[PDB]
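First the structure, in the form of structure tokens, and then the observations on it.
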DNA sequence: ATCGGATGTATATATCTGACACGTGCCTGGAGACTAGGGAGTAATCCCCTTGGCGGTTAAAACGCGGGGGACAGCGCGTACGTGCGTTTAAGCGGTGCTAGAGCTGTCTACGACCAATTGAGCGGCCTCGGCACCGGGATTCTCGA
DNA sequence: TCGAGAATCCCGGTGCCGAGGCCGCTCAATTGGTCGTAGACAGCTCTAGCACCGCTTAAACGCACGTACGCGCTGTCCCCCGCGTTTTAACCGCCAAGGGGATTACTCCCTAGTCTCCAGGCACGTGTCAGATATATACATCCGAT
């Protein structure tokens, strides 16, 4: 019979992996385009220092990662192990973003 | 006899409508002086100082209960519990 | 008991509608081939009319059954009906309403009515200095809509570009242009609608509040003024343009009044007014005026100074049961049925004379008034509309 | 496969305990009426002694079965036993342990042992410039406690006020005073224990790490030094006090080493040392020394220069199978059973002479050594202890 | 010459009073364990604000904690307070 | 040149990775769109202030400092870019 | 010779001169531009008017003619933008906005 | 008379001279006391030393002799007091502390 | 010892927006605290702006940018509008 | 153009604490930003302390009080020890 | 769904108090007007790094198909919290009186700003090498159907 | 509980480039003066912080009671994980332009600093009207009964 891991096993393995490493988890180019796109609505024909785009991605991932930590506690608080949209919303509200 | 919860809602409305302080002034003042002992002995306070503290304190607690209340409702409950306060403060970065 | 007002009783005296003046935009309701009338002329198409209301460039008419007919400029939807067909705006036609109306009112670009159930329907739009505003914050309303939804009302009054509403609880509501303080409920820095909230506060019927003051029992409005009567005290509160003492009281070194002020007006049966003059009808059936003398709109004759205090018109010796005003002219209907008029005749609104300004009240005796019973009179910008007593009275 | 060290074997040669020197605080074990010996004297009460260890003011003795007897100054708990009754510290008595012991070690105010199962039990306390630190952060330990709970160890080594531990994985742990860099795992600002963490890092057995160095296979400790031998390369790493070249190597511009440094020591059979001198015994059974020459603690005769490079003791013609040190004295045991000593004799630790300093190795022949086969020699503060093979 | 030492004043923050606070916060039902948990939170809050307030007092070489001391303390902690000065 | 729909760049596998680092074990499918929206808002806020600094300096190029000063202004100080 | 406040030249109520002094003696820069105080006083005056208007309305809605902290609190917490600007400010004796969670209501 | 750095007089590695200037040109006050820069430089060196000492350990515990951002992170986040001093700060390439909630561990 | 505040200026503004409306002392204090706060925020930011750009002068430009950063949405747009008017009107008088 | 830094000083301290340890460019940048951050915080608070108390001079006193306010627990205590230590020693030479 | 009893809450009115608003005398902070220095505007330069094309390699995104396990509704039990009433506690208020210590003022000393001439610390630029990444392969560890 | 399978840890060798140490070279810190005022200090004024007596009564406490709520457990199913395969397009190395960041060189003009002058804004008195308070009452809402 074929070999399959149980649901959640690989998940935890991924958690341990990415919590140990420190590399950016978002794709460089796609993110750089998102930045430029969002920037269009503020000033026309903007140029970016390479480091400026990196500083944004660092701040963005650090922000999202931490947000997930809080989103996680909320799901767990409701006796669940699956994070849901309403979990993110509660976390942000408590923070003061909503 | 009013049904359980009916009078509670009435209290909610009453106090959300007013602005008076909800903690007894004198007992609070002693709490302040007691906590202050551990920093400087024989400290004196301006009345307005103690009052400024009570304003801040009650504003802080009221808001904390609002967040706490959201945590309770989140867990599909309507009764706030210590766990709810703990979750609120954790997300706030107070823990 | 709790303060409560009764829904007004629709007029019951049957009559025939008359008009005169310029009808370039079809405000004479006499087809599209008649642009001027120097004498009062009949208007066919309206069955059993009981009440009239003249706007800036249009007219509303109420029937004994409660139906409303309109005609005139519909460039803003002031008529509240499909003006699609050719030359259909220059002839009186029916309006589609959720019921029958008790009262009607009209301004320069808008119209309003009080249904038989207490609902206030309005259509068209308002207009400030920056052009069109729309009826609601959304814009124009070609077709009638409920303005005070879920609110029982008992009275309405229209200015040039503002609407006044009275609830059965004695609460007053104003909506529309505010640059003259006709709303009576906004700060000088918000009347132009250039605040952070734009024009949302102008275009939403909001309550007019005079801190510590009894409920109001009656409301009136001129072109740029709003008048109220506080219950018990019977005091008349006024707000709006006052650069010519239209409010009848003084505003300390100000050209207008942003919030209501006490006037020394007593015994008011009805209040009418144009741009720069106000005609006052007292309960003893006498007529008084205030405003600027130019073009004899005050009907006092060789007056050279701005009349500041309510001055009773001398030449009017009979009892008056009704008064009306155009932008710059005035009307008076006697208890017996005669009709007087005065002011600017440059637009042939006086029904008498050949375009000459009448400095003193002159009786209007022509084919369609000679030996007839006059009931109502109200003027607009370049025209005037009247209601003569019919010989039916079913 | 994976690096793994075997548990050490307990010594098997049966012998009799001998002592000499000052015994004020009962470090002679001869009772509370005997305060001084000038020749080696037999200690009564210990069955089948096989190994010995001399602290500053006390002593440890390992027996055939693995029991530990102790005697001396128990002011700090270094005897790991109840010393309430009078004169109970002036005579040897058993220590209560969960099991039997393989190795023993002693400092100035602390003791330690290695149980047959790989546990390291210790008692007493360490001492820095401020004073008592305690065995743990909690304070003194009048009675033995597992110090490396959970970890299996294969070796222990004690300095004056620090303990060195070796795990079966080749990892080295230190604990105690660190003001001489004997812990080899702390910055200058933290060796005093005056940081935000206080003495929490000094009193918690922490691994001594040398980045990108093989697992260590052996450890040694003098009064203020720690020595290690990393596998494969066989290099000897040293750390600690070095104001007199106790590390047998140079520390550029420093009076000591806070982190281990490479030494050119080769073929080390054993390392002993006092305070300002280190005695080195190689596998070819030749004895060498380093440190200051005062009071002839180097045994090189008339020398007035601080020996920086391991000089071999020429006066010793026989093969040496064991070396030992007191604070300021040294000992050598020949393969044929002889016993040589030298250094400060002002405390009658030399067991030969009349308190005079011996500038070179002098054989010790008294009523209790002549014709007998000596085995072990270890010195303490003002006393010395020996093991002589029995019949 | 009277040295008064205060003790157990945290109990002055009664259950009813805490209920009122929760009520203004929109809370409808309250667990009994809440009341003690709240006293602990309030204590930490006050300790943090008062500590800084007193730090300002000692700097000014004063024996009395002034309103401004509290105001400045609160501002430092991102809890600006209007209506007492500053 | 004009940019459009680049928010789709932030993919499912990329979002779930961030979550994994956040300690998340199980993720609702609805989370992904919710995250994209949250991220957009975040970037909008920071980039807006960044550009405001950029325009004040009379520059056409957003520098790293513009982003750093912006993040600091919002209580999200960043180390390692100046 | 005849003097005239800088506020009047800018058509302001707030003190341009005082603001200018506060800026110079406030440890903000070596030097302060001529237009800085005018611009700042104008902005302060605007924000003051924005809040005082909403507050005034609040007092009127509760049948009072004098503004009190409560009216200020109501004015601010009801204005999305003003709320944000004062999201970390606490108004003494201001109370809170009436807000009961929907689920808490009976049915 | 040869020159001695004010740093050396105070026995500091951080620049008392440079710090003193940054204060004067930093728009903080009209005057800067002679002891101020010495005291400040001293405090900066202390906090610098504190972080470095912890980062160093973190590097050794990973068989590295070169300190990288990841180590600075581990050092700060594992220290209660440093974590709080830098609770609103983000370290680039610092990563996150390993932390899995108990309820998520297999049962 | 005379202590100054924006009290009289706040009142002058109040009388323009609500001539028939007064204000309690506690409310006036809150208003005074608000002005001082906003002042410090704007001046502080303008201070940093001049610093970030290696300039030693706080001009109307730093003030404007500061406002754009500190004030939310429409508040900033109208604040900048008012600041512009004042400066314009001022330089012509 | 000369752009100053704390690098050399951070490195000197590094050699005193871990003589055999180095530091990457990015780590040195982070350390450099951290020093400036702490500098601004402390100096800023000291600035206000002088203002609050109507003083025009930033002395050791303000720096010390600023440290007590900004640094948590033991950090503050030891930071004050070091601060006082240095000033005392500096007064000697 | 309809209705009355019973309780709460909003509302009208009449009176009374004290805090707000306005008045005034005074002083000290801002407006005038003027000069001199140096920040900043402006022009023009050097060349960095931002941007954008080709084209190969392959990491990673996308897709789909089980099916295990967790979200969710239902529901049944009993504890615990709300409601209300009667007892009890001390808060609240006022009144009196003391004195600690906040606040102020005039001294006069000590310190910090300032400038000019000097020079060594600290910056930028340049190799050089060894720390570490990269890899491949074997030791060990953790998961999971019996 | 067992061994089979897949992942992670780890050990050693090879190669690459960034970190660390050197070397001119400024330019910022130092030294050593002088001058002026911030602030250290001492005395003095008097606010307000503190503390007890004692009356009133708001509010805390305590207890009994019933319900509606938290919580645990079972059943249903869809939805999210895991894995294999196909597909996209990120990633990277190379080449190359030129936008615009960073710089410099000059010179204007804007701002600090001053001394005189006087009116804006402060403290402080003084009177009245907004609102706190009380009460009688109409009105809105809850809840049990049917």
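To match Swiss-Prot, the residue numbers of chain C are left as they are there, and the shown ones run 28-421.
Method of determination (from the header): X-ray crystallography, 2.9 Å.
For all residues, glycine too, the Cβ spot is worked out from N, Cα and C.
A sphere of 10 angstroms centred on the C-beta of residue C:286 (phosphothreonine) encloses 21 other C-beta atoms. Look at Swiss-Prot and you will find C:286 tagged as phosphothreonine.
The repeat 'RCC1 1' feature in Swiss-Prot is assigned to C:41-91.
Here Swiss-Prot flags C:92-143 as repeat 'RCC1 2'. Under DSSP, residues within the repeat 'RCC1 2' (C:92-143) fall into helix, strand and coil as 0 helix, 19 strand, 33 coil.
Taken from Swiss-Prot, the feature repeat 'RCC1 3' applies to C:145-195.
The feature repeat 'RCC1 4' is assigned by Swiss-Prot to C:197-257.
Annotated repeat 'RCC1 5' per Swiss-Prot: C:260-310, in sequence order.
Annotation comment: Swiss-Prot describes C:311-362 as repeat 'RCC1 6'.
The repeat 'RCC1 7' feature in Swiss-Prot is assigned to C:363-416.
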Among C:41-91, C:92-143, C:145-195, stretch most in contact with the repeat 'RCC1 6' (C:311-362) (C-beta, under 8 angstroms): C:41-91
The repeat 'RCC1 4' (C:197-257), counted residue by residue under DSSP: helix, strand, coil: 0 helix, 22 strand, 39 coil
DSSP residue counts for the repeat 'RCC1 6' (C:311-362), split into helix, strand and coil: 3 helix, 24 strand, 25 coil
Closest-packing stretch to the repeat 'RCC1 7' (C:363-416), where packing means Cβ pairs under 8 Å, from C:41-91, C:92-143, C:145-195, C:197-257, C:260-310: C:41-91
The repeat 'RCC1 5' (C:260-310), counted residue by residue under DSSP: helix, strand, coil: 0 helix, 26 strand, 25 coil
